[PDB]
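Below is the file start.pdb, which contains PDB, C-alpha atoms and all ligand atoms.
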```
ATOM      1  CA  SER M 156     -17.257   2.190 -12.769
ATOM      2  CA  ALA M 157     -13.749   0.638 -12.809
ATOM      3  CA  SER M 158     -11.670   3.781 -13.309
ATOM      4  CA  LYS M 159     -13.564   5.364 -10.390
ATOM      5  CA  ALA M 160     -13.460   2.362  -8.035
ATOM      6  CA  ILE M 161      -9.695   2.198  -8.570
ATOM      7  CA  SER M 162      -9.069   5.918  -8.054
ATOM      8  CA  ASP M 163     -10.856   5.279  -4.763
ATOM      9  CA  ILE M 164      -8.545   2.463  -3.654
ATOM     10  CA  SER M 165      -5.843   4.807  -4.889
ATOM     11  CA  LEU M 166      -6.857   7.409  -2.302
ATOM     12  CA  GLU M 167      -6.535   4.844   0.487
ATOM     13  CA  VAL M 168      -3.200   3.682  -0.894
ATOM     14  CA  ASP M 169      -2.099   7.346  -0.825
ATOM     15  CA  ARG M 170      -2.905   7.497   2.878
ATOM     16  CA  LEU M 171      -1.289   4.146   3.656
ATOM     17  CA  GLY M 172       1.758   5.334   1.730
ATOM     18  CA  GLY M 173       1.884   8.349   4.010
ATOM     19  CA  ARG M 174       2.074   5.977   6.963
ATOM     20  CA  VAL M 175       4.896   4.105   5.266
ATOM     21  CA  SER M 176       6.720   7.415   4.820
ATOM     22  CA  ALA M 177       6.132   8.229   8.504
ATOM     23  CA  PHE M 178       7.588   4.871   9.559
ATOM     24  CA  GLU M 179      10.627   5.492   7.391
ATOM     25  CA  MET M 180      11.260   8.923   8.950
ATOM     26  CA  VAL M 181      10.918   7.573  12.490
ATOM     27  CA  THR M 182      13.504   4.906  11.626
ATOM     28  CA  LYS M 183      15.800   7.411   9.886
ATOM     29  CA  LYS M 184      15.733   9.608  12.994
ATOM     30  CA  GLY M 185      16.735   6.796  15.346
ATOM     31  CA  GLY M 186      13.247   6.026  16.600
ATOM     32  CA  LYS M 187      11.545   2.663  16.983
ATOM     33  CA  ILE M 188       8.383   1.428  15.289
ATOM     34  CA  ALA M 189       6.047  -0.855  17.233
ATOM     35  CA  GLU M 190       5.824  -4.208  15.458
ATOM     36  CA  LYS M 191       2.068  -3.983  16.018
ATOM     37  CA  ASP M 192       1.886  -0.856  13.879
ATOM     38  CA  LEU M 193       3.948  -2.391  11.064
ATOM     39  CA  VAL M 194       1.610  -5.390  10.947
ATOM     40  CA  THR M 195      -1.479  -3.179  11.045
ATOM     41  CA  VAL M 196      -0.374  -1.201   7.980
ATOM     42  CA  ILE M 197       0.901  -4.228   6.054
ATOM     43  CA  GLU M 198      -2.437  -5.835   6.627
ATOM     44  CA  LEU M 199      -4.421  -2.767   5.566
ATOM     45  CA  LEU M 200      -2.357  -2.804   2.354
ATOM     46  CA  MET M 201      -3.098  -6.487   1.779
ATOM     47  CA  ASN M 202      -6.808  -5.691   2.065
ATOM     48  CA  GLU M 203      -6.426  -3.122  -0.701
ATOM     49  CA  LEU M 204      -4.537  -5.727  -2.750
ATOM     50  CA  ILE M 205      -7.503  -8.080  -2.316
ATOM     51  CA  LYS M 206      -9.926  -5.322  -3.395
ATOM     52  CA  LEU M 207      -7.797  -4.747  -6.501
ATOM     53  CA  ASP M 208      -7.396  -8.447  -7.374
ATOM     54  CA  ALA M 209     -11.101  -8.328  -8.291
ATOM     55  CA  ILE M 210     -11.694  -5.119 -10.275
ATOM     56  CA  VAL M 211     -12.309  -5.934 -13.942
ATOM     57  CA  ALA M 212     -11.416  -3.317 -16.518
ATOM     58  CA  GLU M 213     -10.353  -2.937 -20.131
ATOM     59  CA  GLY M 214      -8.031  -0.653 -22.060
ATOM     60  CA  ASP M 215      -6.099   1.977 -20.123
ATOM     61  CA  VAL M 216      -8.244   1.292 -17.055
ATOM     62  CA  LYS M 217      -6.644  -2.142 -16.740
ATOM     63  CA  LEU M 218      -3.289  -0.373 -16.718
ATOM     64  CA  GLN M 219      -4.459   1.848 -13.852
ATOM     65  CA  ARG M 220      -5.428  -1.218 -11.835
ATOM     66  CA  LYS M 221      -2.010  -2.809 -12.379
ATOM     67  CA  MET M 222      -0.291   0.409 -11.370
ATOM     68  CA  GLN M 223      -2.167   0.452  -8.059
ATOM     69  CA  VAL M 224      -1.276  -3.188  -7.535
ATOM     70  CA  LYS M 225       2.382  -2.303  -8.103
ATOM     71  CA  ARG M 226       2.165   0.580  -5.635
ATOM     72  CA  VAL M 227       0.886  -1.749  -2.912
ATOM     73  CA  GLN M 228       3.484  -4.422  -3.642
ATOM     74  CA  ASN M 229       6.197  -1.762  -3.351
ATOM     75  CA  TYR M 230       4.895  -0.463  -0.016
ATOM     76  CA  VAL M 231       4.572  -3.948   1.462
ATOM     77  CA  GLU M 232       8.124  -4.616   0.253
ATOM     78  CA  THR M 233       9.289  -1.450   2.013
ATOM     79  CA  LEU M 234       7.422  -2.382   5.201
ATOM     80  CA  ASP M 235       8.780  -5.933   5.239
ATOM     81  CA  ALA M 236      12.294  -4.508   5.009
ATOM     82  CA  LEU M 237      11.583  -2.186   7.947
ATOM     83  CA  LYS M 238      10.191  -4.998  10.070
ATOM     84  CA  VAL M 239      13.461  -6.873   9.681
ATOM     85  CA  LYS M 240      15.200  -3.775  11.023
ATOM     86  CA  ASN M 241      12.751  -2.508  13.582
TER
HETATM   87 CL    CL M 301      -8.166  -5.945 -15.233
END
```
Represent the structure contained in this file as structure tokens.
Amino acid sequence: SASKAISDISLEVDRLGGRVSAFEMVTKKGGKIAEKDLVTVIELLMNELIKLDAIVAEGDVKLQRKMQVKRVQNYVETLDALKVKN
């Protein structure tokens, strides 16, 4: 069930996105993020990217898969930018 299996990865991406948001706030408020934590989250996101680089769908479901892929790419992009700065 494509649509379902993606909405599932989507739930994990929601949670990982929350961690990204937490890292951003810490940084915004003058705090420091452990490099170890940045790598942990980036790598959990890459695992979701791998899971989504294998879900076959058609029609609007294919669009949902690409949207989740875009979400992950954006978060990794945000995390890479933070790592430079942490
Ligand atoms: Cl697809």
**Request:** Can you give me, as JSON, numbers by chain, the residues this file yields under the PyMOL selection byres (((chain M and resi 199-212) around 12) and not hetatm)?
**Result:** {"M": [156, 157, 158, 159, 160, 161, 162, 163, 164, 165, 166, 167, 168, 169, 170, 171, 172, 174, 175, 192, 193, 194, 195, 196, 197, 198, 213, 214, 215, 216, 217, 218, 219, 220, 221, 222, 223, 224, 225, 226, 227, 228, 229, 230, 231, 232, 233, 234, 235]}
**Asked** To one decimal place, how far is atom CA of residue 178 of chain M from atom CA of residue 241 of chain M in Å?
**Response** 9.9 Å
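In this structure, atom CA of residue 190 of chain M sits 12.3 Å away from atom CA of residue 236 of chain M.
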Because the input lacks atoms here, generate N, CA and C atoms for segment 164-195 of chain M and report them as a PDB file, in the frame of the given file.
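What follows is the written file result.pdb:
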```pdb
ATOM      1  N   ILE M 164      -9.500   3.305  -4.365  1.00  0.00           N
ATOM      2  CA  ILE M 164      -8.545   2.463  -3.654  1.00  0.00           C
ATOM      3  C   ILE M 164      -7.246   3.251  -3.646  1.00  0.00           C
ATOM      4  N   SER M 165      -7.034   3.993  -4.726  1.00  0.00           N
ATOM      5  CA  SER M 165      -5.843   4.807  -4.889  1.00  0.00           C
ATOM      6  C   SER M 165      -5.721   5.845  -3.777  1.00  0.00           C
ATOM      7  N   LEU M 166      -6.852   6.407  -3.362  1.00  0.00           N
ATOM      8  CA  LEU M 166      -6.857   7.409  -2.302  1.00  0.00           C
ATOM      9  C   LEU M 166      -6.439   6.778  -0.977  1.00  0.00           C
ATOM     10  N   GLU M 167      -6.887   5.550  -0.738  1.00  0.00           N
ATOM     11  CA  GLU M 167      -6.535   4.844   0.487  1.00  0.00           C
ATOM     12  C   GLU M 167      -5.069   4.424   0.434  1.00  0.00           C
ATOM     13  N   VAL M 168      -4.598   4.062  -0.753  1.00  0.00           N
ATOM     14  CA  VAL M 168      -3.200   3.682  -0.894  1.00  0.00           C
ATOM     15  C   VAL M 168      -2.345   4.931  -0.657  1.00  0.00           C
ATOM     16  N   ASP M 169      -2.846   6.105  -1.051  1.00  0.00           N
ATOM     17  CA  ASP M 169      -2.099   7.346  -0.825  1.00  0.00           C
ATOM     18  C   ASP M 169      -1.892   7.542   0.676  1.00  0.00           C
ATOM     19  N   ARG M 170      -2.958   7.322   1.436  1.00  0.00           N
ATOM     20  CA  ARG M 170      -2.905   7.497   2.878  1.00  0.00           C
ATOM     21  C   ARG M 170      -2.017   6.451   3.530  1.00  0.00           C
ATOM     22  N   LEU M 171      -2.117   5.201   3.082  1.00  0.00           N
ATOM     23  CA  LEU M 171      -1.289   4.146   3.656  1.00  0.00           C
ATOM     24  C   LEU M 171       0.171   4.407   3.308  1.00  0.00           C
ATOM     25  N   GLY M 172       0.405   5.015   2.150  1.00  0.00           N
ATOM     26  CA  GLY M 172       1.758   5.334   1.730  1.00  0.00           C
ATOM     27  C   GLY M 172       2.326   6.419   2.628  1.00  0.00           C
ATOM     28  N   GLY M 173       1.447   7.293   3.111  1.00  0.00           N
ATOM     29  CA  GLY M 173       1.884   8.349   4.010  1.00  0.00           C
ATOM     30  C   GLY M 173       2.361   7.725   5.309  1.00  0.00           C
ATOM     31  N   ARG M 174       1.671   6.675   5.741  1.00  0.00           N
ATOM     32  CA  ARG M 174       2.074   5.977   6.963  1.00  0.00           C
ATOM     33  C   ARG M 174       3.416   5.295   6.756  1.00  0.00           C
ATOM     34  N   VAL M 175       3.631   4.750   5.564  1.00  0.00           N
ATOM     35  CA  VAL M 175       4.896   4.105   5.266  1.00  0.00           C
ATOM     36  C   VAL M 175       5.993   5.160   5.380  1.00  0.00           C
ATOM     37  N   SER M 176       5.759   6.318   4.772  1.00  0.00           N
ATOM     38  CA  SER M 176       6.720   7.415   4.820  1.00  0.00           C
ATOM     39  C   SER M 176       6.995   7.836   6.265  1.00  0.00           C
ATOM     40  N   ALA M 177       5.958   7.855   7.099  1.00  0.00           N
ATOM     41  CA  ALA M 177       6.132   8.229   8.504  1.00  0.00           C
ATOM     42  C   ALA M 177       7.030   7.219   9.216  1.00  0.00           C
ATOM     43  N   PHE M 178       6.798   5.936   8.952  1.00  0.00           N
ATOM     44  CA  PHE M 178       7.588   4.871   9.559  1.00  0.00           C
ATOM     45  C   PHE M 178       9.046   4.992   9.141  1.00  0.00           C
ATOM     46  N   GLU M 179       9.268   5.338   7.879  1.00  0.00           N
ATOM     47  CA  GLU M 179      10.627   5.492   7.391  1.00  0.00           C
ATOM     48  C   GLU M 179      11.355   6.634   8.105  1.00  0.00           C
ATOM     49  N   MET M 180      10.669   7.760   8.281  1.00  0.00           N
ATOM     50  CA  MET M 180      11.260   8.923   8.950  1.00  0.00           C
ATOM     51  C   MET M 180      11.606   8.608  10.406  1.00  0.00           C
ATOM     52  N   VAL M 181      10.683   7.959  11.105  1.00  0.00           N
ATOM     53  CA  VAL M 181      10.918   7.573  12.490  1.00  0.00           C
ATOM     54  C   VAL M 181      12.209   6.758  12.548  1.00  0.00           C
ATOM     55  N   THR M 182      12.319   5.763  11.672  1.00  0.00           N
ATOM     56  CA  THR M 182      13.504   4.906  11.626  1.00  0.00           C
ATOM     57  C   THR M 182      14.770   5.700  11.308  1.00  0.00           C
ATOM     58  N   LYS M 183      14.679   6.574  10.311  1.00  0.00           N
ATOM     59  CA  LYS M 183      15.800   7.411   9.886  1.00  0.00           C
ATOM     60  C   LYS M 183      16.319   8.290  11.023  1.00  0.00           C
ATOM     61  N   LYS M 184      15.400   8.742  11.868  1.00  0.00           N
ATOM     62  CA  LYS M 184      15.733   9.608  12.994  1.00  0.00           C
ATOM     63  C   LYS M 184      15.989   8.859  14.303  1.00  0.00           C
ATOM     64  N   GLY M 185      16.412   7.606  14.182  1.00  0.00           N
ATOM     65  CA  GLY M 185      16.735   6.796  15.346  1.00  0.00           C
ATOM     66  C   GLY M 185      15.613   6.306  16.235  1.00  0.00           C
ATOM     67  N   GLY M 186      14.369   6.470  15.795  1.00  0.00           N
ATOM     68  CA  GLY M 186      13.247   6.026  16.600  1.00  0.00           C
ATOM     69  C   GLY M 186      12.866   4.583  16.328  1.00  0.00           C
ATOM     70  N   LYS M 187      11.975   4.043  17.150  1.00  0.00           N
ATOM     71  CA  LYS M 187      11.545   2.663  16.983  1.00  0.00           C
ATOM     72  C   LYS M 187      10.074   2.573  16.608  1.00  0.00           C
ATOM     73  N   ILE M 188       9.758   1.637  15.719  1.00  0.00           N
ATOM     74  CA  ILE M 188       8.383   1.428  15.289  1.00  0.00           C
ATOM     75  C   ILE M 188       7.847   0.177  15.974  1.00  0.00           C
ATOM     76  N   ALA M 189       6.664   0.285  16.569  1.00  0.00           N
ATOM     77  CA  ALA M 189       6.047  -0.855  17.233  1.00  0.00           C
ATOM     78  C   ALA M 189       5.718  -1.892  16.165  1.00  0.00           C
ATOM     79  N   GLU M 190       6.094  -3.142  16.412  1.00  0.00           N
ATOM     80  CA  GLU M 190       5.824  -4.208  15.458  1.00  0.00           C
ATOM     81  C   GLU M 190       4.334  -4.253  15.145  1.00  0.00           C
ATOM     82  N   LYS M 191       3.520  -3.981  16.159  1.00  0.00           N
ATOM     83  CA  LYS M 191       2.068  -3.983  16.018  1.00  0.00           C
ATOM     84  C   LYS M 191       1.598  -3.005  14.952  1.00  0.00           C
ATOM     85  N   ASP M 192       2.260  -1.856  14.867  1.00  0.00           N
ATOM     86  CA  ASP M 192       1.886  -0.856  13.879  1.00  0.00           C
ATOM     87  C   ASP M 192       2.306  -1.286  12.478  1.00  0.00           C
ATOM     88  N   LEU M 193       3.468  -1.926  12.366  1.00  0.00           N
ATOM     89  CA  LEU M 193       3.948  -2.391  11.064  1.00  0.00           C
ATOM     90  C   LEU M 193       2.991  -3.438  10.507  1.00  0.00           C
ATOM     91  N   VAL M 194       2.537  -4.343  11.367  1.00  0.00           N
ATOM     92  CA  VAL M 194       1.610  -5.390  10.947  1.00  0.00           C
ATOM     93  C   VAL M 194       0.250  -4.809  10.578  1.00  0.00           C
ATOM     94  N   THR M 195      -0.196  -3.804  11.325  1.00  0.00           N
ATOM     95  CA  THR M 195      -1.479  -3.179  11.045  1.00  0.00           C
ATOM     96  C   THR M 195      -1.497  -2.604   9.632  1.00  0.00           C
TER      97      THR M 195
END
```
